[PDB]
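Engineer: Input file: entry08.txt. Contents: compact mmCIF, N, CA and C atoms.
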```txt
# COMPACT_ATOMS: atom_id res chain seq x y z
N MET J 1 -8.90 2.07 14.02
CA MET J 1 -7.94 1.18 14.71
C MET J 1 -6.59 1.24 14.00
N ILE J 2 -5.52 1.24 14.78
CA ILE J 2 -4.17 1.17 14.23
C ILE J 2 -3.67 -0.27 14.31
N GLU J 3 -3.31 -0.83 13.16
CA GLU J 3 -2.79 -2.19 13.12
C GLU J 3 -1.43 -2.24 13.81
N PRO J 4 -1.33 -3.00 14.92
CA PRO J 4 -0.11 -3.08 15.73
C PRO J 4 1.03 -3.80 15.01
N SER J 5 2.25 -3.32 15.24
CA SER J 5 3.48 -3.87 14.65
C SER J 5 3.37 -4.02 13.13
N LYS J 6 3.79 -2.98 12.42
CA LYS J 6 3.68 -2.96 10.97
C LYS J 6 5.01 -3.32 10.32
N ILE J 7 6.10 -2.84 10.90
CA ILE J 7 7.42 -3.14 10.38
C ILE J 7 8.21 -4.01 11.37
N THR J 8 8.35 -5.27 11.02
CA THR J 8 9.10 -6.21 11.84
C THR J 8 10.21 -6.86 11.02
N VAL J 9 11.02 -7.70 11.65
CA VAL J 9 12.05 -8.44 10.94
C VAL J 9 11.42 -9.31 9.85
N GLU J 10 10.37 -10.04 10.22
CA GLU J 10 9.71 -10.94 9.28
C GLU J 10 9.01 -10.15 8.17
N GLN J 11 8.63 -8.91 8.48
CA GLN J 11 8.03 -8.03 7.49
C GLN J 11 9.03 -7.72 6.39
N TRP J 12 10.27 -7.47 6.79
CA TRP J 12 11.33 -7.22 5.82
C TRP J 12 11.71 -8.52 5.13
N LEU J 13 11.82 -9.60 5.90
CA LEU J 13 12.24 -10.90 5.38
C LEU J 13 11.34 -11.37 4.24
N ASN J 14 10.03 -11.40 4.47
CA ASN J 14 9.11 -11.93 3.46
C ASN J 14 9.14 -11.08 2.19
N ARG J 15 9.35 -9.78 2.36
CA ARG J 15 9.40 -8.85 1.23
C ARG J 15 10.74 -8.98 0.51
N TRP J 16 11.81 -9.10 1.28
CA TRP J 16 13.15 -9.27 0.73
C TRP J 16 13.21 -10.56 -0.09
N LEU J 17 12.61 -11.62 0.44
CA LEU J 17 12.52 -12.89 -0.27
C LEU J 17 11.74 -12.73 -1.57
N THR J 18 10.61 -12.04 -1.51
CA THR J 18 9.78 -11.85 -2.69
C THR J 18 10.57 -11.19 -3.83
N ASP J 19 11.51 -10.32 -3.48
CA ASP J 19 12.33 -9.64 -4.47
C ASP J 19 13.59 -10.45 -4.82
N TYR J 20 14.37 -10.78 -3.81
CA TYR J 20 15.71 -11.33 -4.02
C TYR J 20 15.72 -12.85 -4.16
N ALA J 21 14.55 -13.47 -4.19
CA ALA J 21 14.48 -14.90 -4.49
C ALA J 21 14.24 -15.13 -5.97
N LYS J 22 14.09 -14.04 -6.72
CA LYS J 22 13.94 -14.14 -8.17
C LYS J 22 15.25 -14.63 -8.79
N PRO J 23 15.15 -15.43 -9.86
CA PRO J 23 16.30 -16.08 -10.51
C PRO J 23 17.46 -15.13 -10.78
N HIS J 24 18.61 -15.44 -10.19
CA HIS J 24 19.85 -14.74 -10.46
C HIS J 24 20.97 -15.74 -10.69
N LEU J 25 22.04 -15.30 -11.33
CA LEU J 25 23.09 -16.21 -11.72
C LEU J 25 24.34 -16.02 -10.87
N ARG J 26 24.43 -16.81 -9.80
CA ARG J 26 25.65 -16.93 -9.01
C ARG J 26 25.51 -18.03 -7.97
N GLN J 27 26.08 -19.19 -8.30
CA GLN J 27 26.12 -20.36 -7.41
C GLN J 27 24.74 -20.94 -7.14
N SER J 28 24.51 -22.14 -7.66
CA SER J 28 23.30 -22.87 -7.37
C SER J 28 23.39 -23.45 -5.96
N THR J 29 23.02 -22.65 -4.97
CA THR J 29 23.07 -23.08 -3.59
C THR J 29 21.68 -23.52 -3.14
N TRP J 30 21.61 -24.28 -2.06
CA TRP J 30 20.35 -24.83 -1.58
C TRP J 30 19.53 -23.77 -0.86
N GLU J 31 18.38 -24.19 -0.35
CA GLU J 31 17.48 -23.30 0.37
C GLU J 31 17.78 -23.32 1.86
N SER J 32 18.86 -24.00 2.22
CA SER J 32 19.22 -24.24 3.61
C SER J 32 19.36 -22.93 4.39
N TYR J 33 19.91 -21.90 3.75
CA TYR J 33 20.13 -20.62 4.41
C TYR J 33 18.80 -19.97 4.78
N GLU J 34 17.79 -20.21 3.96
CA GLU J 34 16.47 -19.66 4.20
C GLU J 34 15.76 -20.44 5.30
N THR J 35 15.75 -21.76 5.14
CA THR J 35 15.04 -22.65 6.04
C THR J 35 15.45 -22.44 7.50
N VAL J 36 16.74 -22.55 7.79
CA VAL J 36 17.23 -22.42 9.16
C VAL J 36 16.90 -21.03 9.72
N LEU J 37 17.00 -20.03 8.86
CA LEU J 37 16.78 -18.65 9.26
C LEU J 37 15.34 -18.44 9.68
N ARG J 38 14.42 -18.59 8.73
CA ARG J 38 13.01 -18.31 8.97
C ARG J 38 12.45 -19.20 10.08
N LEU J 39 12.87 -20.46 10.09
CA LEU J 39 12.39 -21.42 11.08
C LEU J 39 12.75 -20.98 12.50
N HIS J 40 13.92 -20.39 12.67
CA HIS J 40 14.40 -20.05 14.00
C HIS J 40 14.14 -18.60 14.39
N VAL J 41 14.49 -17.66 13.54
CA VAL J 41 14.48 -16.26 13.95
C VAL J 41 13.12 -15.59 13.78
N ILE J 42 12.31 -16.04 12.82
CA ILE J 42 11.01 -15.41 12.60
C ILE J 42 10.07 -15.58 13.80
N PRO J 43 9.84 -16.82 14.29
CA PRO J 43 8.94 -17.06 15.42
C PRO J 43 9.51 -16.57 16.76
N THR J 44 10.75 -16.08 16.74
CA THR J 44 11.38 -15.57 17.94
C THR J 44 11.50 -14.04 17.92
N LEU J 45 12.33 -13.54 17.01
CA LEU J 45 12.64 -12.12 16.95
C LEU J 45 12.03 -11.47 15.72
N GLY J 46 11.48 -12.30 14.84
CA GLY J 46 10.95 -11.81 13.57
C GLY J 46 9.79 -10.86 13.74
N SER J 47 9.03 -11.02 14.81
CA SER J 47 7.88 -10.17 15.07
C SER J 47 8.29 -8.90 15.82
N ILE J 48 9.59 -8.62 15.82
CA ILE J 48 10.11 -7.41 16.43
C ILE J 48 10.75 -6.53 15.35
N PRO J 49 10.55 -5.20 15.40
CA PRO J 49 11.21 -4.28 14.47
C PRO J 49 12.72 -4.28 14.64
N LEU J 50 13.45 -4.14 13.53
CA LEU J 50 14.91 -4.19 13.55
C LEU J 50 15.51 -3.06 14.38
N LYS J 51 14.83 -1.92 14.42
CA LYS J 51 15.31 -0.77 15.18
C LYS J 51 15.02 -0.91 16.67
N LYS J 52 14.31 -1.97 17.04
CA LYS J 52 14.00 -2.23 18.44
C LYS J 52 14.66 -3.52 18.91
N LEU J 53 15.15 -4.30 17.95
CA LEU J 53 15.78 -5.58 18.23
C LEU J 53 17.10 -5.35 18.97
N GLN J 54 17.19 -5.89 20.18
CA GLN J 54 18.37 -5.73 21.01
C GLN J 54 19.39 -6.84 20.73
N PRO J 55 20.69 -6.52 20.83
CA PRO J 55 21.76 -7.51 20.71
C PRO J 55 21.62 -8.63 21.75
N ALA J 56 20.99 -8.30 22.87
CA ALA J 56 20.74 -9.26 23.93
C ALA J 56 19.81 -10.36 23.45
N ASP J 57 18.83 -9.99 22.63
CA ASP J 57 17.87 -10.95 22.10
C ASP J 57 18.54 -11.91 21.13
N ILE J 58 19.46 -11.39 20.33
CA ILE J 58 20.22 -12.21 19.40
C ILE J 58 21.11 -13.20 20.15
N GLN J 59 21.76 -12.70 21.20
CA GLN J 59 22.60 -13.54 22.05
C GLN J 59 21.74 -14.62 22.70
N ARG J 60 20.58 -14.19 23.20
CA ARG J 60 19.65 -15.09 23.86
C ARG J 60 19.16 -16.17 22.91
N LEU J 61 18.97 -15.81 21.64
CA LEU J 61 18.52 -16.76 20.63
C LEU J 61 19.53 -17.90 20.49
N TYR J 62 20.81 -17.54 20.37
CA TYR J 62 21.87 -18.54 20.24
C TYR J 62 21.93 -19.44 21.47
N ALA J 63 21.85 -18.82 22.64
CA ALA J 63 21.99 -19.53 23.90
C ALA J 63 20.79 -20.42 24.19
N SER J 64 19.60 -19.86 24.08
CA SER J 64 18.39 -20.57 24.47
C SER J 64 18.11 -21.75 23.54
N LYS J 65 18.44 -21.61 22.27
CA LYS J 65 18.25 -22.70 21.33
C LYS J 65 19.34 -23.75 21.47
N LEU J 66 20.49 -23.35 22.00
CA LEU J 66 21.52 -24.32 22.38
C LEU J 66 20.99 -25.18 23.51
N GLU J 67 20.33 -24.53 24.47
CA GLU J 67 19.67 -25.21 25.58
C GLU J 67 18.54 -26.09 25.07
N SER J 68 18.00 -25.73 23.91
CA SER J 68 16.89 -26.46 23.31
C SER J 68 17.37 -27.73 22.61
N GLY J 69 18.69 -27.89 22.50
CA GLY J 69 19.23 -29.12 21.95
C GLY J 69 19.78 -28.96 20.54
N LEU J 70 20.14 -27.74 20.18
CA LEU J 70 20.76 -27.50 18.89
C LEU J 70 22.26 -27.72 18.98
N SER J 71 22.84 -28.29 17.94
CA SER J 71 24.26 -28.56 17.91
C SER J 71 25.04 -27.26 17.76
N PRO J 72 26.16 -27.11 18.50
CA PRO J 72 26.95 -25.88 18.52
C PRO J 72 27.36 -25.42 17.13
N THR J 73 27.69 -26.36 16.26
CA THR J 73 28.10 -26.05 14.90
C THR J 73 26.94 -25.50 14.08
N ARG J 74 25.75 -26.05 14.29
CA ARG J 74 24.59 -25.65 13.52
C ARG J 74 24.07 -24.30 14.02
N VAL J 75 24.19 -24.07 15.33
CA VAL J 75 23.91 -22.76 15.90
C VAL J 75 24.94 -21.76 15.39
N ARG J 76 26.17 -22.23 15.25
CA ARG J 76 27.27 -21.43 14.72
C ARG J 76 26.97 -21.00 13.29
N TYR J 77 26.35 -21.89 12.52
CA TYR J 77 25.92 -21.56 11.16
C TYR J 77 24.80 -20.52 11.19
N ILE J 78 23.82 -20.73 12.08
CA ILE J 78 22.71 -19.80 12.23
C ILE J 78 23.23 -18.40 12.58
N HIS J 79 24.29 -18.36 13.37
CA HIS J 79 24.92 -17.11 13.76
C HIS J 79 25.30 -16.27 12.54
N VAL J 80 26.01 -16.87 11.59
CA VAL J 80 26.57 -16.12 10.49
C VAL J 80 25.53 -15.81 9.42
N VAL J 81 24.62 -16.75 9.17
CA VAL J 81 23.58 -16.54 8.17
C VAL J 81 22.64 -15.42 8.63
N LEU J 82 22.36 -15.38 9.93
CA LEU J 82 21.55 -14.31 10.50
C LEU J 82 22.28 -12.98 10.36
N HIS J 83 23.58 -13.01 10.63
CA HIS J 83 24.41 -11.82 10.55
C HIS J 83 24.36 -11.19 9.16
N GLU J 84 24.75 -11.95 8.15
CA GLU J 84 24.91 -11.39 6.81
C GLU J 84 23.56 -11.19 6.13
N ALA J 85 22.52 -11.85 6.62
CA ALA J 85 21.18 -11.60 6.11
C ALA J 85 20.68 -10.26 6.63
N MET J 86 20.91 -10.01 7.91
CA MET J 86 20.51 -8.77 8.54
C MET J 86 21.33 -7.59 8.01
N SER J 87 22.56 -7.89 7.60
CA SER J 87 23.45 -6.88 7.04
C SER J 87 22.88 -6.29 5.75
N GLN J 88 21.99 -7.04 5.09
CA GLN J 88 21.37 -6.56 3.87
C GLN J 88 20.39 -5.43 4.18
N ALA J 89 19.83 -5.46 5.39
CA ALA J 89 18.94 -4.39 5.85
C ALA J 89 19.76 -3.17 6.23
N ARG J 90 20.95 -3.43 6.75
CA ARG J 90 21.93 -2.40 7.06
C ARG J 90 22.29 -1.63 5.79
N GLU J 91 22.61 -2.37 4.73
CA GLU J 91 22.99 -1.76 3.46
C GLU J 91 21.76 -1.29 2.69
N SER J 92 20.58 -1.56 3.24
CA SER J 92 19.34 -1.09 2.64
C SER J 92 18.96 0.27 3.23
N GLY J 93 19.71 0.69 4.25
CA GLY J 93 19.50 2.00 4.83
C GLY J 93 18.33 2.05 5.79
N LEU J 94 17.76 0.89 6.10
CA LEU J 94 16.64 0.83 7.03
C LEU J 94 17.12 0.40 8.41
N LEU J 95 18.37 -0.03 8.47
CA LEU J 95 18.99 -0.41 9.73
C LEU J 95 20.26 0.40 9.92
N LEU J 96 20.38 1.02 11.08
CA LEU J 96 21.51 1.90 11.36
C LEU J 96 22.76 1.11 11.73
N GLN J 97 22.58 0.01 12.45
CA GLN J 97 23.70 -0.82 12.90
C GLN J 97 23.25 -2.27 13.02
N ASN J 98 24.16 -3.20 12.77
CA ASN J 98 23.86 -4.61 12.97
C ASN J 98 23.96 -4.96 14.45
N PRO J 99 22.83 -5.32 15.08
CA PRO J 99 22.80 -5.69 16.50
C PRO J 99 23.62 -6.95 16.78
N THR J 100 23.94 -7.69 15.73
CA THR J 100 24.75 -8.89 15.84
C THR J 100 26.18 -8.55 16.26
N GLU J 101 26.61 -7.34 15.92
CA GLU J 101 28.00 -6.93 16.14
C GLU J 101 28.22 -6.53 17.60
N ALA J 102 27.13 -6.23 18.29
CA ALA J 102 27.20 -5.82 19.69
C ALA J 102 26.80 -6.96 20.61
N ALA J 103 26.46 -8.10 20.02
CA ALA J 103 26.05 -9.26 20.78
C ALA J 103 27.27 -10.11 21.16
N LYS J 104 27.04 -11.14 21.95
CA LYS J 104 28.11 -12.06 22.33
C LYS J 104 27.88 -13.43 21.71
N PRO J 105 28.26 -13.60 20.43
CA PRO J 105 28.05 -14.82 19.69
C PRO J 105 29.30 -15.69 19.59
N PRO J 106 29.12 -16.97 19.22
CA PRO J 106 30.25 -17.88 18.96
C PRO J 106 31.16 -17.33 17.85
N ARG J 107 32.46 -17.52 18.02
CA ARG J 107 33.44 -16.98 17.09
C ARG J 107 33.52 -17.84 15.84
N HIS J 108 33.17 -17.24 14.70
CA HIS J 108 33.21 -17.93 13.42
C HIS J 108 33.08 -16.91 12.29
N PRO J 109 34.04 -16.90 11.36
CA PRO J 109 34.01 -16.00 10.20
C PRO J 109 32.88 -16.36 9.24
N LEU J 110 32.58 -15.45 8.33
CA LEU J 110 31.46 -15.64 7.42
C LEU J 110 31.89 -16.43 6.19
N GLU J 111 31.13 -17.46 5.84
CA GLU J 111 31.32 -18.15 4.57
C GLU J 111 30.67 -17.33 3.44
N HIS J 112 29.91 -16.32 3.85
CA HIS J 112 29.34 -15.32 2.95
C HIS J 112 28.17 -15.87 2.15
N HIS J 113 27.55 -14.98 1.38
CA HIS J 113 26.26 -15.26 0.76
C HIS J 113 26.34 -16.30 -0.34
N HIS J 114 26.06 -17.54 0.03
CA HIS J 114 25.81 -18.58 -0.95
C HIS J 114 24.32 -18.59 -1.24
N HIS J 115 23.94 -18.02 -2.38
CA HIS J 115 22.55 -17.70 -2.64
C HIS J 115 21.78 -18.86 -3.26
N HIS J 116 21.48 -18.76 -4.56
CA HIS J 116 20.49 -19.61 -5.21
C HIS J 116 20.13 -18.97 -6.55
N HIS J 117 19.51 -19.73 -7.45
CA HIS J 117 18.97 -19.14 -8.67
C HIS J 117 17.66 -18.45 -8.37
```
Render the structure in this file as structure tokens.
Structural biologist:
Amino acid sequence: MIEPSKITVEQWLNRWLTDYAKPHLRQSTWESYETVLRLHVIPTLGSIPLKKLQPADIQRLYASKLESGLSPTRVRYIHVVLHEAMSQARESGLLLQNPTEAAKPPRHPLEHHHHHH
């Protein structure tokens, strides 16, 4: 038997966390960036491979969860944290392009990686 779906977003996420959640020295930031991310994107698009993840799905995530009663500003935050988190896979050479860049998301610049110890 071949185990279905071996490389997904959440597959990278849990592994990336296992490595990059180790103590580092730059800004004692909260776990908020992790919580909102995993809570929203994992049960939605996380079970999809990054090379198959469509920009439409990312757009749909923002829109459908807005319909779900999420505040525009907090969805706006989810937008950028998802962007720059996924960009780490881009710079990891496992992702050819950020699907976020081809999507139609709310306009907001990146506050950038506020990490954690």
Engineer: Pull the neighbourhood of (23.6, -22.6, -1.9) for me: all residues within 6 Å in file coordinates, counting only C-alpha atoms, as a VMD selection string.
Structural biologist: chain J and resid 28 to 30 114 to 116
Engineer: Would you mind reading off the distance between atom C of residue 58 in chain J and atom C of residue 13 in chain J, one decimal, in Å?
Structural biologist: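 We find that atom C of residue 58 in chain J and atom C of residue 13 in chain J lie 18.8 Å from each other.
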Engineer: Using all atoms listed in the file, find the one residue out of J:107, J:14, J:66, J:82 that sits nearest to residue 37 in chain J.
Structural biologist: J:82
Engineer: Counting only N, CA and C atoms, what is within 8 Å of residue 5 in chain J, bar same-chain residues fewer than 2 positions away, as JSON, numbers by chain?
Structural biologist: {"J": [2, 3, 7, 8, 47, 48, 49]}
Engineer: Determine which residues of chain J DSSP labels as helix (DSSP H, G or I) from the backbone of this structure, then write them out as number ranges by chain.
Structural biologist: J: 9-20, 32-46, 55-67, 72-90, 99-102
